[PDB]
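Enquirer:
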Amino acid sequence: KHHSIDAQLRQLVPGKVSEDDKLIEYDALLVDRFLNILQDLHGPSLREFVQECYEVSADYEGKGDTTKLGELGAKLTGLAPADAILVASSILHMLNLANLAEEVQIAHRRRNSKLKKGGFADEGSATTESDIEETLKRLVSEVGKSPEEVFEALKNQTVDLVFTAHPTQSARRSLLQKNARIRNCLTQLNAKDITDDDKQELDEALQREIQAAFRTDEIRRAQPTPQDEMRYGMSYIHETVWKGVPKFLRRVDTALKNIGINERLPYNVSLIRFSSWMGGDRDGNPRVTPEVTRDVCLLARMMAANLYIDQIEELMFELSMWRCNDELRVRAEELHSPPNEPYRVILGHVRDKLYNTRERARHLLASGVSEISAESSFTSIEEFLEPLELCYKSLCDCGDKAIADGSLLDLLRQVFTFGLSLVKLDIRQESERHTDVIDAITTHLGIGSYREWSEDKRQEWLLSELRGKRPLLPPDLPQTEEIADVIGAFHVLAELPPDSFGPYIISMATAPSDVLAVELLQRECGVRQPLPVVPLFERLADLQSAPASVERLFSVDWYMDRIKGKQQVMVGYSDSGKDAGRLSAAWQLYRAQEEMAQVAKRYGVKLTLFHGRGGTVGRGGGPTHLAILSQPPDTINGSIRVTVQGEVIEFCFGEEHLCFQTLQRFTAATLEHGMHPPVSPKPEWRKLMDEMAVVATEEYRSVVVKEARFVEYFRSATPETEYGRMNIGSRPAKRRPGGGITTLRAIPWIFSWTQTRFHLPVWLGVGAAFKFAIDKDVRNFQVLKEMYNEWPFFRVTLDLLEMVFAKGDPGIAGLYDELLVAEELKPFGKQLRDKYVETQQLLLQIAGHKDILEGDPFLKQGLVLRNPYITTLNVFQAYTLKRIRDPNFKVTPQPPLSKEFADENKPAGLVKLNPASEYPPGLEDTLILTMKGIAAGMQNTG
Amino acid sequence: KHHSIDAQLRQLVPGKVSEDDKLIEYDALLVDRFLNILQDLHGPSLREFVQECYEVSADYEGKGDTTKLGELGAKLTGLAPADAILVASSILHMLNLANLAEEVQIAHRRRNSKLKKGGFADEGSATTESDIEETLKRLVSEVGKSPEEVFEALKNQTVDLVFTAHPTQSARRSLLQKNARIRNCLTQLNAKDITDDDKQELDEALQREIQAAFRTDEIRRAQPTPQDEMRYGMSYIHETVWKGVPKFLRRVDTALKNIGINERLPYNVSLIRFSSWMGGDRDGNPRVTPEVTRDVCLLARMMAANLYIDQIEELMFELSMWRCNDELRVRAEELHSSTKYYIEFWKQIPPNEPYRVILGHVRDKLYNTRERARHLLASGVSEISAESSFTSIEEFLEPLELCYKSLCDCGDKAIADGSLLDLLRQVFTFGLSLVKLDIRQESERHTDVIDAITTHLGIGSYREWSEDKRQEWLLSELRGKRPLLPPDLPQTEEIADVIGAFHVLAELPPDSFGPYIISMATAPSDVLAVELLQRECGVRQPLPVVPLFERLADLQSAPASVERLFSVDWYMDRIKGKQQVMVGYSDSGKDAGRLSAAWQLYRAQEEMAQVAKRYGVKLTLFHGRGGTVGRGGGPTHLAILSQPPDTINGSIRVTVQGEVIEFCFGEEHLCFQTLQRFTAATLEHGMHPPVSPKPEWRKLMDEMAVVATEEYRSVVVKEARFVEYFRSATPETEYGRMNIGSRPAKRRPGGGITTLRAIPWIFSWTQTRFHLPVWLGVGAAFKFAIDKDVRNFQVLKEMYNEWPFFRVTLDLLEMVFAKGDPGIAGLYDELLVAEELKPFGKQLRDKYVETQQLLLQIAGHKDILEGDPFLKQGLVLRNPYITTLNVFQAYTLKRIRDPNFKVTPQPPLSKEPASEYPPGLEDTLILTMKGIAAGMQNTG
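Chains as they are written, first to last, in the entry's author numbering: chain B, 12 to 348, 366 to 970; chain A, 12 to 349, 355 to 928, 943 to 970.
1) What separation, rounded to the nearest whole angstrom, lies between the Cα atoms of B:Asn317 and B:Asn384?
2) CA-CA distance, B:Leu549 and B:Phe518?
3) Can you list the alpha helix (DSSP H) stretches of 4 or more residues lying completely in the segment 563–650 of chain B, in chain order?
4) Suppose only complete runs of 4+ residues qualify. What are the alpha helix (DSSP H) ranges in the segment 410–490 of chain B, listed by chain order?
5) Three Cβ pairs or more, each shorter than 8 Å: is that satisfied between the segment 127–146 of chain A and the segment 244–253 of chain A?
6) Rounded to the nearest angstrom, how far is the Cβ of B:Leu812 from that of B:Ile874, given a contact under 8 Å?
7) Which of the three DSSP states is assigned to residue 980 of chain B in this structure?
8) Are B:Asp264 and B:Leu282 closer than 7 Å when you measure CB to CB?
9) Under 6 Å Cβ to Cβ from B:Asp438, same chain only, skipping five residues before and after it: list those, please.
10) Could you give the uninterrupted runs of the alpha helix (DSSP H) lying entirely in the segment 529–567 of chain A, keeping only those of 4 residues or more?
11) Under DSSP, the beta strand (DSSP E) around B:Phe285 begins and ends at which residues?
12) Three-state secondary structure (DSSP) at A:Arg340?
13) Within the same chain, show all residues whose beta-carbon is closer than 7 Å to that of B:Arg894, passing over the 5 residues directly before and after it, in chain order.
14) Kindly list, in the order they appear in chain A, the residues whose Cβ is closer than 8 Å to that of B:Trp333.
15) Among A:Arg498, A:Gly554, A:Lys592 and A:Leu635, which one has its Cα closest to the Cα of A:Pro563?
16) Taking A:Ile956 as the query, report the chain B residues whose CB atoms sit under 7 Å from its CB, ordered along the chain.
17) Quick check: the segment 647–657 of chain A against the segment 503–517 of chain A, are at least 3 beta-carbon pairs closer than 8 Å?
18) What number of angstroms, rounded off, separates the C-alpha of B:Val28 from the C-alpha of B:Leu887?
19) Does A:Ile400 have its Cβ less than 7 Å from a Cβ in chain B?
20) Thinking C-beta only, is B:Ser287 closer than 7 Å to B:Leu453?
21) Out of A:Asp425, A:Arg305 and A:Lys421, point me to the one whose CA is closest to A:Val397's CA.
22) Could you have a look at B:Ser780 and say whether DSSP puts it in helix, strand or coil?
23) Using the beta-carbon of each residue, which ones in chain C are nearer than 7 Å to A:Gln211?
24) Please check if any C-beta of chain B sits within less than 7 Å of the C-beta of A:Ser185.
25) Express the C-alpha separation of B:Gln442 and B:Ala311 in angstroms, rounding to a whole number.
26) Would B:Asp953 be called buried (16 or more neighbouring beta carbons within 10 Å of its own) or exposed?
27) Taking only the alpha-carbon atoms, compute the straight-line gap between B:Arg567 and B:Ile409 and give it to the nearest angstrom.
28) Could you tell me whether the segment 617–624 of chain B touches the segment 776–796 of chain B, using the rule of 3 or more Cβ pairs below 8 Å?
29) For chain A, check one thing: does any of its Cβ atoms lie closer than 7 Å to the Cβ of B:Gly427?
30) I need the straight-line Cα distance from B:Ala430 to B:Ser422, nearest angstrom please.
31) Pairing CB atoms from the segment 718–730 of chain B with CB atoms from the segment 850–857 of chain B, are three or more of them under 8 Å?
32) Which residues in the same chain have their Cβ closer than 6 Å to the Cβ of A:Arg785, if we skip the five residues on either side of it in sequence?
33) When the cut-off is 7 Å and only beta carbons count, does A:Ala223 lie next to chain B?
34) What are the residues in the segment 233–261 of chain A lying within 7 Å of chain B by C-beta distance?
So, in structure tokens, the structure goes:
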């Protein structure tokens, strides 16, 4: 081929969105270079085919035929298995390149204050939100709080970001580094004062990096063990966050000086923390064994030690001073047991104790045992801090605090942020697995069946045991495999250091018994320092009952003694939305938070909420700013935890500057809310929300639960069946086979509908609710409009729906139907699509927008440039599903299209992603590729 | 405690040199930050004091009024000892910061082709010289060479840069990195698209970095050991050159692209190489022992291994491909049949990552390589096998080239030509020792050995034999098959040192060494003596022998000696068509003045090349200290182009002096430019020689040489009281007694300047800003020429404009005068010279003024450096700090020399080692000496 992809992108976007907008030129730059590398490696006919694919798909977005995708499907059908994998591979790489360009454009975009319109709506986009200094200034200047009050608030604030597995692709450090080199070359190529020779060489470097990324095929490395999954998960901490935290904390120092506070934020401030679910969450995942949990704790300790060893070595090089404390001098010469460099000999000792600490962990991991003594290593953060604080005090004593406030201060901030394990591990298990244990205990003792007892009979008995001083768990207790897994986990918790763990989380929590049950089990299995117990209220019924549950827990003397004035509660968004639709789930959650908070205030407990997957707070790219500000008043008060989904971890943390802005907005929003809460809801707002909720729930359950043919439609129109059967997703897709959607799990629910571009779980029920309110009273349309403009809760909830509609396409969802759904159920499909378009139309009306995402052109531009690649994979997926499912459906087989090489074990190559494949060679790898790429393009939805 | 230094700079130079010139802004920025740190650490009155002396000195340069030097000295008089050391060190740091700012300005100055006037004079300044593509284009389009002729020339070219010890300064890696952080914050602060908080934080970083550099200072108690000096010199290799040459070599690839050659320069071309004298040069330096040589060779191998381990590790991160050729796959499979004590890649490496399996084996063999050397250094033995290690560079290259060709076999040559190509070019540049070591020793120390064994065997006395009897006997032994050196031989400590050195050469790998250089070489006997001693001490792979000729008489006879060696059958068989010879500039200039040395050198090169061409020998010249080629900052370009025709032809060796290493290699960009001009000038000269000298030019040079030598010798040799004046008017006496140069200053006690050495000769006179060795004799020569004929004034002007040799010869003199100051030289006289000798000093200053005025007249300049405002600006803004140290030096010298001197108690003005001199004096004098040397850099 000859011509560039520039033209087909221009016709997708209505112009430049800012006058430093070079995104389309970036996209064209990288993919034009990719296609040339593709042509030189595999021949012009292959490169021409891939580019034609892209053009058909880009043109469909320009105006949605559907006729053109079917003939695209016709050509992709009948490619040989090797050519299908190569095409799918190339389109995925192009999509990755587009995302890299977008990161570069966001990172170096010149701030433009003229875009701000004032008010809370500005905090929904990165282009208009307020940095840490602007929010500090607003607090002192508009809210009227003292700089001293702001300084004190920051000192008592902690934001805790919780990392979770990616649903389709791990990221190794190697590739993150290949990503950074592609980004760096693109930035440097666009410098103003560029020489021709530098440009020629930077061009050759860019082509080189793109080809290296294309010939590693990280795409086709077959899904890793849970330990590897955790190791690759830490890559972003290694590559951006580790150096990011000290950089941002230094900007906080800058900001408070700029409001009159002339001292730095003390280095012992846990302003930001990081936690992990990888190796800890075992809810419905038996691959996560007690040994896996021990393994990830030891791995974390190794990686920490390595990062510290290198920081300390760079620090030794810098601190060549000779003037020092008396106390530092006595210790320096003690360790001489070059001497004129006292900071160097202290830090060299720390480095060796760090090597011991890492080797000890490596041995415990390999052998279960290590003769390397705990004496020889660092066993506490206190023992690690002592030498570093000695050096800080010494350098200040001799008048060089300026030096100490360089990288030594950075290192101290890193120790108080990451500790010795980088992240703390959350443990999670479902409530009935605990009931199974206790029921085995009660019947073995002949006490009865805890399963059959009332909720209050349970409470009465468990409180009798907890107040009692006599053990309970028999050592000869007959255990099943599941019961042994729960007991074994607790034994692993007992054997490991307390600072390795965060909370123990109870999935499907319903009643105070679920919490007290694990308190008992923790003690009875020998956890001498118990973990805090955290309920996860998922269903609507449980959210309704949640404030009562926690009030009865707070009414118990024993429990108040144990929790010492602090309680954590986790709330689920996608969980609750799967129960009774999103809109009702959102409103029930707001109220549950509201009521839990005053229950908490009444008993004098500090309540912390942990926001699970699917939350508006989870949109870490920018909208999280407004989403946090929109939380009910007095719900945060300096302490909050948020799930960082894998599908957005690259967008938030892949790039140095974006990592900075992600950390910044979480800390700013959280700080401001505690001193500047949102408007309290009006009565007519509540009343309308209440009535809308019943209509939305009834509409959601009428289609999802009460319609017999729904499940059969679901497994035809989506790749849900193949997602499960294939080698992706790590987990069993549902709890028991064949109980409908009830036993299906949140991730497959959202994943399967997002792949088809339909997004049913996010919006269903909302159209009925809006229509019901408009029809009930003509004045209700104006009150919903006012709610969207005046009530942050209502704005962020529909802003999410708008974004997911921007990511949807009824034509493509209909193509899945046309190909894969039985004739008798196609009318049901088009009725769901009728609900889709009716919901979108009224959502736009209430927001006052003419077309989707009017008012966020930046987000609109970023999404639309992905669709050419996503749509290509959508057509590929649909036709691959029909041939997978229908054994003698074919069309014309085509002669091979790519060129290279008689070297290669061609058959073994079609099957990299799952060599034990039970599907015909090439189909499983082609379907996984479409799934990976569609997931990469869609990122966060519901 | 208030006002900025900005103003006092602006009146030294009133105005920009180019529209991009922010040097004065840069100076002011860093120095104002330093003074504020100074006031915060020691109080306002000390800060104000140091700023005041800066101001007095700055105004002296503005209009040279002798009076305020004395009052400045009166002010430095009253400081308590601790306060004097503080003031001296602060002035020194301010000079360092000024040099850092100058590096940044040179590095990021936008080139401006409007200032090029065409012709060879453009290649004398960095502001107008040619980059490597420009000279490639000139060679093809103007000279008329074919691109393939150029490509072939580059493939056969090598430039060999030789690092030498700094005469007065350490350079630790820690400080080189602090320097880099200061430069980076300075550049980033001047980006215009910068947010105010970014600005605020980069400012805080800059201050933090300036302070850390200030409070790492301390002592010069014990002079540095040769091992330390060697560590000092490798720091620039670590920090800049290591990654420098792969990046430059990539630039010549693109230059070849742009003249039609669509190949990269093959990775086996050692276009650039680096050598060392530290631990190898023992000439008049008994501190440099056989075991010191063993030690520096092993240290070099250790650091080499460390740099490679890091490059291999990051290459492991990049090469994650799974496709490879059959040969690589079977090898990778093998090594999976046997990784824990590393940080990266501690887990076993999967076999589906073939390049990582091979490179992880390379890393483990490098670890063994390093540990073996560490053990040999600590204990003389190592149980770590040579088989476990890399013992040759061929063994190291095999795994690397296996990956290169596998990558290309599978269509990934583009990937291969990334970092792997960089690593290959590094192996073919640095090898396994980073640098090759030159050995040097003086010729009479070899004659002493041979006389010891001729007498012991009863043959007679080799010392008393004539040059012909020596040759006849040496070659009878060299052709013979029977050993000579008795193990029973009675040896003095000096004889044992020469013998022991050869034994160390015999027990180390050949790749570690360069040539064996003979100081004070005079006759072919000196060369053949070391060839015999090399064999008779058991050096199975002998080093090439290199004569250093030094004196005028020796340069005259050099072509005759070369021819005699070339007509000997045994020697032609040994050198196999290649010979290297070393020439000294400071050396020869000390003998008979600078101008005669320069002209004798041109003629000696000329004639030696004609001899070498006749016998079919490839002659490589090694340019010693003091050469015009030694101005690595820019003038090297022209100075190399100015060499006699067919003197280089792809092969040259240049001394990199310590005083200039920081200016040419401290900063990433300037090291690129240093490497580039050495490569471009050398290449072009071989295909585009300079104009042949006219007859009248030759004759005028002949006449002027006689007059210059006569008046140089008339003052430094034939004037009885000169020695006495010299040890009064310079700190030479204190330089030696305090062991500043680490080496004895004279070869023999007594004998005048002839037995004095070149370093102290140039150093002593550069400290006083007089520079007598560089210019003396040329004023008389110029005046003689113009006076004997009408026409000679025009002929000299034409020579300056048309003859590169003459241009570079006088451009050096002009630069040194810009660095000189008769007022300051006269205050050294007024304080320390006896009354009866001060008229003699005033006559020497008269010949300074007469020399400078006529040099300007022949150059057609009215003021000094009129044609190089860039360099003139760079130098004058150093003078305020050097001049302050000058007056501090002069007054501390009289205090030190006075036996009756004690210390008057004085109150401290600041808030806050066991030397044998009165308190403060020793460390104060060392500080002035180090600072003045840092400010003057290279002169003669």
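The beta-carbon is built from N, C-alpha and C at its ideal position, and this holds for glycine as well.
Expert: Reading from the atomic positions:
1) Within the first sequence, residue 317 of chain B is the residue found at index 306, counting from 1. Within the first sequence, residue 384 of chain B is the residue found at index 356, counting from 1. Going by the C-alpha atoms only, they are around 11 Å apart.
2) As a position in the first sequence, residue 549 of chain B is number 521, starting the count at 1. As a position in the first sequence, residue 518 of chain B is number 490, starting the count at 1. Going from the Cα of B:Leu549 to the Cα of B:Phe518 covers about 8 Å.
3) Complete alpha helix (DSSP H) runs here, min 4: 568–582, 585–591, 602–608 and 610–631.
4) 429–432, 435–446 and 459–472
5) The segment 244–253 of chain A and the segment 127–146 of chain A do not touch, with fewer than three beta-carbon pairs separated by less than 8 Å.
6) Walking along the first sequence from the start, residue 812 of chain B turns up at place 784. Walking along the first sequence from the start, residue 874 of chain B turns up at place 846. Their Cβ separation, rounded to whole angstroms, is 5 Å, which keeps B:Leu812 and B:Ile874 in contact under 8 Å.
7) Residue 980 of chain B is absent from the structure shown; chain B starts at 12 and stops at 970.
8) The count along the first sequence starts at 1 and reaches residue 264 of chain B at position 253. The count along the first sequence starts at 1 and reaches residue 282 of chain B at position 271. Against a cut-off of 7 Å, the Cβ pair of B:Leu282 and B:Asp264 comes out as no contact.
9) Here residue 438 of chain B refers to the residue found at position 410 when the first sequence is read from its first residue. Taken in chain order, the residues that qualify are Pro257.
10) DSSP runs (the alpha helix (DSSP H)) wholly in the segment 529–567 of chain A: 540–552.
11) Looking up residue 285 of chain B in the first sequence gives position 274. In the DSSP assignment, B:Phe285 falls within the beta strand (DSSP E) that extends over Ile283 to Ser287.
12) Walking along the second sequence from the start, residue 340 of chain A turns up at place 329. Here A:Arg340 sits in helix by DSSP.
13) The count along the first sequence starts at 1 and reaches residue 894 of chain B at position 866. Answer for B:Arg894: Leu106, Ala109 and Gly965, listed in chain order.
14) As a position in the first sequence, residue 333 of chain B is number 322, starting the count at 1. Residues of chain A passing the Cβ test: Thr227 and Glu229.
15) The residue given as residue 563 of chain A occupies position 547 in the second sequence. Nearest C-alpha to A:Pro563: A:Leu635.
16) Against the second sequence, residue 956 of chain A aligns to sequence position 926. Identification of chain B residues near A:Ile956 by a Cβ-Cβ cut-off of 7 Å yields none; the smallest Cβ-Cβ distance measures about 18 Å.
17) no
18) Indexing the first sequence from 1 puts residue 28 of chain B at position 17. Indexing the first sequence from 1 puts residue 887 of chain B at position 859. Approximately 10 Å between the Cα atoms of the pair.
19) As a first step, residue 400 of chain A is located in the second sequence; it is residue number 384 there, counting from the start. No, its Cβ sits nowhere closer than 7 Å to a Cβ of chain B.
20) Position 425 of the first sequence, counting from 1, holds the residue named residue 453 of chain B. Position 276 of the first sequence, counting from 1, holds the residue named residue 287 of chain B. Between B:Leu453 and B:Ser287, the CB-CB gap stays under 7 Å.
21) On the second sequence, residue 397 of chain A is found 381 positions in, with the first residue counted as 1. Out of A:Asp425, A:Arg305 and A:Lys421, A:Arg305 has the C-alpha closest to the C-alpha of A:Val397.
22) Here residue 780 of chain B corresponds to residue number 752 of the first sequence, with the count starting at 1. In the structure shown, B:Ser780 sits in a helix (DSSP, three-state: H, G or I).
23) Going by chain labels, chain C is absent from the structure shown, which instead holds the protein chains B and A.
24) Counted from its first residue, the second sequence places residue 185 of chain A at position 174. Chain B, which has a Cβ nearer than 7 Å to the Cβ of A:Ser185, makes this yes.
25) By one-based count along the first sequence, residue 311 of chain B stands at place 300. By one-based count along the first sequence, residue 442 of chain B stands at place 414. B:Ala311 and B:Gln442: Cα-Cα distance of roughly 15 Å.
26) Indexing the first sequence from 1 puts residue 953 of chain B at position 925. With 16 or more other Cβ atoms within 10 Å, it is buried.
27) Numbered from 1 along the first sequence, position 539 holds the residue referred to as residue 567 of chain B. Numbered from 1 along the first sequence, position 381 holds the residue referred to as residue 409 of chain B. Roughly 40 Å separates the two Cα atoms.
28) Because the criterion of three Cβ pairs below 8 Å is not met, the segment 617–624 of chain B and the segment 776–796 of chain B do not touch.
29) On the first sequence, residue 427 of chain B is found 399 positions in, with the first residue counted as 1. By the rule that beta-carbons nearer than 7 Å mark a contact, B:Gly427 touches chain A.
30) Reading the first sequence from its first residue, position 402 is the one you call residue 430 of chain B. Reading the first sequence from its first residue, position 394 is the one you call residue 422 of chain B. Taking the straight line from one Cα to the other gives about 12 Å.
31) no
32) Locating residue 785 of chain A in the second sequence gives position 769, counting from the first residue. Contacts found: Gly836, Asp837, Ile840 and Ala841.
33) Here residue 223 of chain A refers to the residue found at position 212 of the second sequence. Closer than 7 Å: yes.
34) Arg261
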